[PDB]
Amino acid sequence: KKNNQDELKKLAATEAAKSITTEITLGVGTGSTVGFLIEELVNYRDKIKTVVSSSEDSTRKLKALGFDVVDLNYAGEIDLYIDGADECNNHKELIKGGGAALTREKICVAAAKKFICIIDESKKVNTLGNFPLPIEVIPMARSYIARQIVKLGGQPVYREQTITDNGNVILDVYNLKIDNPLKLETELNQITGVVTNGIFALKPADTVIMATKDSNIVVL
Amino acid sequence: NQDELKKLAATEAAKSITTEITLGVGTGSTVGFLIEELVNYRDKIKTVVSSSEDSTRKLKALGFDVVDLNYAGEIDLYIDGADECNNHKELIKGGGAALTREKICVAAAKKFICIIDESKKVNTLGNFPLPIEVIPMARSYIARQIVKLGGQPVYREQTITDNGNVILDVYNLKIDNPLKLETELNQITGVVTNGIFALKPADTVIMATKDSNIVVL
Ligand SMILES: O=C(CO)[C@H](O)[C@H](O)COP(=O)(O)O
Ligand SMILES: O=C(CO)[C@H](O)[C@H](O)COP(=O)(O)O
Ligand SMILES: [Cl-]
Ligand SMILES: [Cl-]
């Protein structure tokens, strides 16, 4: 089952790489699906002028393949950003942050002309929520924010032994009714001490490449 | 002169420590005079929470044990300074870089008392540049978004906040609607905290006048 899923991830990542057509500033996401993209990037080395990374994990992987990684402040604007997602609904709105890089991932999406999301079918849903929503919080505010999330009906679970690239901690929130991703993303952004929440809806994916169980490509 | 008014305001605020409480302590020079005054209320202060390592250091130097907010829970009273305070007790804070934890403390406090001298009282917030704590990676992106709004962002060099972030001090903002702009700035990706304290304003503001009187707003 895991070898099967890995095959679909590789298909989706490989397909997304074809969009690297011209000389561009490429932004690179985080996760296992992105891991197969990073490997594929060797075949597009002459097209990739500058690389920006959403995580030290991906940076480590990119540098290991000889790619120079440039800070977003010196790169400026990203032409194309490619990243995975934990969930994707019918309007290309995502839950992300399963691998903890959600802050820099959201910053990269914000500074990108175009955002392509690469998934296998298991991540496609009609309604976001079943996968617990990651929220990056200032360590000092963890208990306060946990309480505010309990008021909303969510059940926050502190992800132990995890410190994000930015020095923060993650709350994974269960039992949320997320029928209005736009509204709740806005809501969570107003809670003091929240750095970033895992809903990618205000600025959704421009294209979502999904590998089906039959090894076909669906472009949503 | 200004130091005298700061001490008066801080001393006055300390009188509100009446019962056994969890006290939250702000940051800055005005708060510095409060911390000194807290020796005279040692039996009333059960637990202390600090909005900065600077204040924590000062508190520990006076023998006060400082407890993390996660183990303290809820603060009964939080006392802090401000860079500006308008007519509706809405503040600009973050001149001393502790604005994130200061805002968290205010959010978790039953009551927030702000201590100022008269020089910080204004009719309209904005003249003092608005501090905004941002994720280092997003600094250039956020600077551009602030330029679109008409602000002029200046990176505060050689400053890394307690939380590992950097500060943009923003000039030329028209802040006639603090509530609206605070909400707006919170939606900009990469912004950790902005220096407007309006959505949850001060409950009481103690202001020392030029004539050394106390005005309770
Ligand atoms: O947002 C992310 C990291 O925080 C990833 O894109 C996603 O959460 C995990 O991707 P995968 O399931 O392919 O490993
Ligand atoms: O917000 C603050 C720290 O970030 C301070 O409360 C504010 O800068 C006032 O300081 P002072 O009393 O020294 O003028
Ligand atoms: Cl928790
Ligand atoms: Cl821009």
Side-chain angles (χ1 to χ4, degrees), chain A residues 72 76-78 107 110-113 135 137 139-150 154-160 162 169-174 193 203, chain B residues 2-3 5-7 9-10 13 24-35 50-55 58 69-71 73 78-85 91-106 112-120 128-133 138 140-149 156 159 161-163 167 169 188-190 193-197 202 205-208:
Chain A
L72 183 55
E77 175 178 75
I78 305 162
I107 294 159
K113 286 185 175 294
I135 298 172
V137 303
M140 178 181 188
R142 185 169 62 79
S143 296
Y144 167 73
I145 292 163
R147 285 197 291 285
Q148 302 319 296
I149 290 166
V150 169
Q155 175 50 240
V157 182
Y158 167 54
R159 196 190 294 182
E160 303 114 309
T162 296
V169 293
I170 301 288
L171 290 169
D172 292 308
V173 186
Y174 297 81
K203 192 157 188 295
Chain B
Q2 197 189 350
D3 284 22
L5 305 186
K6 290 177 177 178
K7 182 167 191 181
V25 172
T27 300
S29 56
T30 315
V31 167
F33 298 105
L34 178 79
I35 286 162
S50 179
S51 56
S52 63
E53 295 298 333
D54 177 35
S55 296
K58 291 185 186 195
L69 183 55
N70 290 298
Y71 307 131
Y78 179 69
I79 308 175
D80 201 354
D83 301 302
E84 287 188 340
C85 174
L91 294 55
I92 291 184
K93 290 179 55 50
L99 83 114
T100 289
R101 296 187 183 186
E102 283 175 323
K103 204 164 206 168
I104 293 159
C105 286
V106 170
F112 167 32
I113 298 179
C114 181
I115 41 170
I116 60 166
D117 70 83
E118 192 183 308
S119 70
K120 312 203 180 151
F128 188 92
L130 175 60
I132 298 172
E133 187 168 346
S140 296
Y141 168 73
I142 292 163
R144 285 197 292 285
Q145 302 319 296
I146 290 166
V147 169
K148 289 193 190 184
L149 303 168
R156 197 190 295 183
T159 296
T161 63
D162 287 345
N163 314 296
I167 300 288
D169 292 309
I188 297 171
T189 314
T193 312
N194 69 83
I196 303 176
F197 284 56
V205 182
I206 294 165
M207 179 180 70

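Just so it is clear: chains get the letters A, B, ... in the order the sequence lines come, proteins before strands, and each one is counted from 1. Order of listing sets the numbers, starting from 1, for every ligand and every atom in it.
- At under 3.5 Å, not a single nitrogen or oxygen of B/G28, backbone or side chain, sits near a nitrogen or oxygen of ligand 2.
- Considering only non-hydrogen protein atoms, atom 7 (C) of ligand 2 sits nearest to B/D83 OD1, 3.3 Å.
- Protein heavy atom in closest approach to atom 5 (C) of ligand 2: B/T27 O, 3.3 Å.
- Heavy atoms from other residues, nucleotides or ligands lying under 6.0 Å from NZ of B/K7 number 12 at most.
- The protein heavy atom nearest to atom 4 (O) of ligand 2 is B/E102 OE1, 2.9 Å.
- Looking at ligand 2, you won't find any N or O of B/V31 less than 3.5 Å from one of its N or O atoms.
- Note that CD1 of B/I115 is 14.0 Å distant from CE of B/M207, once rounded to the nearest 0.5 Å.
- Two residues are said to be in side-chain contact when any heavy atoms from C-beta on lie closer than 4.5 Å; A/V169 and A/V137 meet this criterion.
- The distance from ligand 2 to the heavy atoms of B/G96 drops below 4.0 Å at these ligand atoms: 3 (C), 4 (O), 8 (O).
- Note on B/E53 versus B/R101: salt bridge recorded, some NZ/NE/NH1/NH2 to OD/OE distance being below 4.0 Å.
- Considering only non-hydrogen protein atoms, atom 12 (O) of ligand 2 sits nearest to B/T30 OG1, 2.6 Å.
- Counting heavy atoms from C-beta on, the side chains of B/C105 and B/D80 never come closer than 4.5 Å.
- Within a 6.0 Å radius of NZ in A/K113, other residues, nucleotides and ligands contribute 12 heavy atoms or fewer.
- Between the side chain of B/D117 and the backbone N or O of B/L5, no donor-acceptor pair lies under 3.5 Å.
- Residue contact check: B/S29 has heavy atoms under 4.0 Å from atoms 11 (P), 12 (O), 13 (O), 14 (O) of ligand 2.
- Close contacts of ligand 2 with B/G94, meaning ligand atoms under 4.0 Å from a residue heavy atom, involve 1 (O), 2 (C), 4 (O).
- Every atom of ligand 2 with a heavy atom of B/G81 under 4.0 Å away is listed here by number and element: 6 (O).
- Within the structure, ligand 2 lacks B/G26 among the residues with a heavy atom less than 4.0 angstrom away.
- Atom CD of residue B/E133 and atom NZ of residue B/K103 lie 11.0 Å apart, to the nearest 0.5 angstrom.
- Listed by chain and residue number, nothing satisfies the salt bridge (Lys or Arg N to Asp or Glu O under 4.0 Å) test with B/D162 (two or more places apart in sequence, or in another chain).
- With a 4.0 Å heavy-atom cut-off, ligand 2 is reached by no atom of B/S52.
- Only the side chain of B/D80 comes within 4.0 Å of ligand 2, counting heavy atoms alone; its backbone N, CA, C and O stay farther away.
- Contacts with ligand 2 closer than 4.0 Å are made by backbone heavy atoms (N, CA, C, O) of B/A97 only, the side chain lying farther away.
- Every atom of ligand 2 is numbered from 1 in the order shown, and the set under 4.0 Å from a heavy atom of B/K120 is 9 (C), 11 (P), 12 (O), 14 (O).
- For the pair B/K93 and B/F197, the cation-pi criterion (under 6.0 Å, within 45° of the ring axis) is fulfilled.
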